[PDB]
J.: 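Starting off with a structure, shown below.
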Amino acid sequence: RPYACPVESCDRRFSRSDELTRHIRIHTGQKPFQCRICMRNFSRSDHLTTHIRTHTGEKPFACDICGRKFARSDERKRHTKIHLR
DNA sequence: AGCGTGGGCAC
DNA sequence: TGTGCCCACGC
Ligand SMILES: [Zn+2]
Ligand SMILES: [Zn+2]
Ligand SMILES: [Zn+2]
């Protein structure tokens, strides 16, 4: 863990430098990815893709047990466990 | 539930 | 560097 966050108040450390560059945006407040539907800005392209699904209703992830659909795989992952008991 | 959003990391 | 998942936490 060689790459430490330069911001004094921040004591985060990272493996690869590209991680520090992404992380540094939490301090600069930079959000280079905009949703052309609601005009909101996001820090990351992947979070914008999933955000947009809230507008379109696209839900590519279906539960293997009941078939319920989700916009994100983690929502599906969190849901699937309700079938156990 | 709905979903923002940082961290780890593959390609 | 850029793109894009998984993973996990938070409200
Ligand atoms: Zn920092
Ligand atoms: Zn939007
Ligand atoms: Zn289910």
Side-chain angles (χ1 to χ4, degrees):
Chain A
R1 298 259 193 177
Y3 305 95
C5 182
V7 172
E8 191 277 321
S9 61
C10 187
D11 294 303
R12 287 291 74 219
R13 307 186 67 82
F14 299 84
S15 311
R16 284 79 54 196
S17 60
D18 70 291
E19 294 184 303
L20 181 67
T21 298
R22 182 176 66 172
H23 163 83
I24 211 64
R25 301 203 290 252
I26 85 171
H27 299 314
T28 76
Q30 193 193 68
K31 298 188 193 309
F33 308 90
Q34 182 178 41
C35 168
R36 48 198 292 167
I37 297 176
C38 70
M39 266 47 240
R40 183 176 175 156
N41 295 123
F42 298 88
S43 60
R44 313 194 340 195
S45 55
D46 60 323
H47 291 339
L48 161 67
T49 295
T50 61
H51 158 75
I52 293 168
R53 300 191 180 143
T54 69
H55 299 308
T56 66
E58 181 195 12
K59 297 177 176 187
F61 308 100
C63 173
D64 285 326
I65 304 300
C66 79
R68 183 174 182 166
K69 302 176 118 179
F70 298 91
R72 303 209 309 229
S73 53
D74 58 295
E75 290 172 327
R76 195 235 301 115
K77 167 180 287 185
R78 181 181 65 180
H79 159 86
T80 308
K81 64 181 180 188
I82 70 168
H83 300 297
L84 299 176
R85 97 219 79 190

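Labels below follow one simple rule: chain letters A, B, ... track the order of the sequence lines, proteins then strands, and each chain is numbered from 1.
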J.: Taking the side chain of A:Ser73 as its heavy atoms from C-beta onward, which of C:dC6, C:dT3, B:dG7 lies nearest to it?
T.: C:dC6
J.: With a 4.5 Å heavy-atom cut-off, do A:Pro60 and A:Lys69 have their side chains touching?
T.: no
J.: Report yes if some heavy atom in the side chain of A:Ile24 is under 4.5 Å from a heavy atom in the side chain of A:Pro6; otherwise report no.
T.: yes
J.: Under 3.5 Å, side chain of A:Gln30 to main-chain N/O of A:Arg25, donor-acceptor pair present?
T.: no
J.: Is any side-chain heavy atom of A:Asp64 closer than 4.5 Å to one of A:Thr80?
T.: no
J.: Report the distance from atom CG of A:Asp46 to atom P of C:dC5, rounded to the nearest whole Å.
T.: 9 Å
J.: Dump every N/O contact between nucleotides 8-11 of chain C and the protein below 3.5 Å, one line per pair.
T.:
from, atom 1, to, atom 2, distance (Å)
C:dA8, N6, A:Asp74, OD2, 3.4

J.: Atom CD1 in A:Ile65, atom NE2 in A:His83: separation rounded to 0.5 Å?
T.: 6.0 Å
J.: Spell out, as yes or no, whether a donor-acceptor pair under 3.5 Å connects the side chain of A:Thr54 to the backbone of A:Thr50.
T.: no
J.: Using whole Å, what does the distance between atom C1' of nucleotide C:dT1 and atom CZ of A:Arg25 come to?
T.: 11 Å
J.: As a quick check of understanding, evaluate side-chain contact (heavy atoms from CB on, under 4.5 Å) for A:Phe14 and A:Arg12, giving each step before the final call.
T.: CA-CA 7 Å; A:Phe14 299 84; A:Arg12 287 291 74 219; 3.8 Å; yes
J.: Which listed nucleotide (B:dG8, B:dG4, C:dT3) is nearest to the side chain of A:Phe42?
T.: B:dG4
J.: Can you figure out which of C:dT3, B:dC9, B:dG6 approaches the side chain of A:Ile26 most closely?
T.: B:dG6
J.: Would you sort out whether A:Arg22 and A:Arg44 count as a side-chain contact (heavy atoms from CB on, under 4.5 Å), showing the intermediate values?
T.: CA-CA 9 Å; A:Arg22 182 176 66 172; A:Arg44 313 194 340 195; 3.3 Å; yes
J.: According to a 3.5 Å limit on both distances, what stems of 3 or more consecutive Watson-Crick or G-U pairs are formed with DNA chain B?
T.: B:2-10 with C:3-11
J.: Expressed as a whole number of angstroms, how long is the span from A:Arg40:CZ to B:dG2:P?
T.: 17 Å
J.: I need the CG-P distance between A:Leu48 and C:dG4, as an integer number of Å.
T.: 10 Å
J.: Could you list by number each residue of residues 53-71 of chain A showing a heavy-atom separation from DNA chain C of less than 4.0 Å, or answer none if no residue does?
T.: none
J.: Please determine if a side-chain N or O atom of A:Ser43 lies less than 4.0 Å away from the OP1 or OP2 oxygen of B:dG6.
T.: yes
J.: Run the side-chain contact (heavy atoms from CB on, under 4.5 Å) check on A:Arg13 and A:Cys5 step by step: do they pass?
T.: CA-CA 6 Å; A:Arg13 307 186 67 82; A:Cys5 182; over 6 Å; no
J.: I want to check something: taking the side chain as every heavy atom from C-beta on, are A:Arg68 and A:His79 in contact at a cut-off of under 4.5 Å?
T.: yes
J.: Taking the side chain of A:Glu19 as heavy atoms from C-beta outward, which of B:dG7, B:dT5, B:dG8 is closest to it?
T.: B:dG8
J.: Give the rounded distance in Å between these two atoms: NE2 of A:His51 and P of C:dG4.
T.: 16 Å
J.: Walk me through whether A:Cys35 and A:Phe42 qualify under side-chain contact (heavy atoms from CB on, under 4.5 Å).
T.: CA-CA 8 Å; A:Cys35 168; A:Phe42 298 88; 4.1 Å; yes
J.: Have a look at A:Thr49 and say if it touches a base, only the backbone sugar-phosphate, or nothing, with a 4.0 Å heavy-atom cut-off.
T.: nothing
J.: Roughly how many Å is it from CZ in A:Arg16 to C1' in B:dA10, rounded to a whole number?
T.: 10 Å
J.: Is it true that A:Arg78 and A:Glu75 make a salt bridge, defined as a side-chain N closer than 4.0 Å to a carboxylate O?
T.: no
J.: Is it true that a side-chain atom of A:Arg76 and a backbone atom of A:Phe70 form a donor plus acceptor pair closer than 3.5 Å?
T.: no
J.: Please confirm whether the shortest side-chain N or O distance from A:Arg76 to OP1 or OP2 of C:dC6 is below 4.0 Å.
T.: no
J.: For a quick test of reading the model: is some side-chain N or O of A:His47 closer than 4.0 Å to OP1 or OP2 of B:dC3?
T.: no
J.: Mind checking if A:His79 touches a base, just sugar-phosphate, or nothing, with heavy atoms under 4.0 Å?
T.: nothing
J.: Please report the distance, rounded to the nearest Å, between CZ in A:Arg22 and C1' in B:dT5.
T.: 10 Å
J.: Between A:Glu75 (CD) and C:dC5 (P), how many Å, whole number?
T.: 15 Å
J.: Considering only heavy atoms and no angle criterion, is a donor-acceptor pair shorter than 3.5 Å present between the side chain of A:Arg44 and the base of B:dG7?
T.: yes
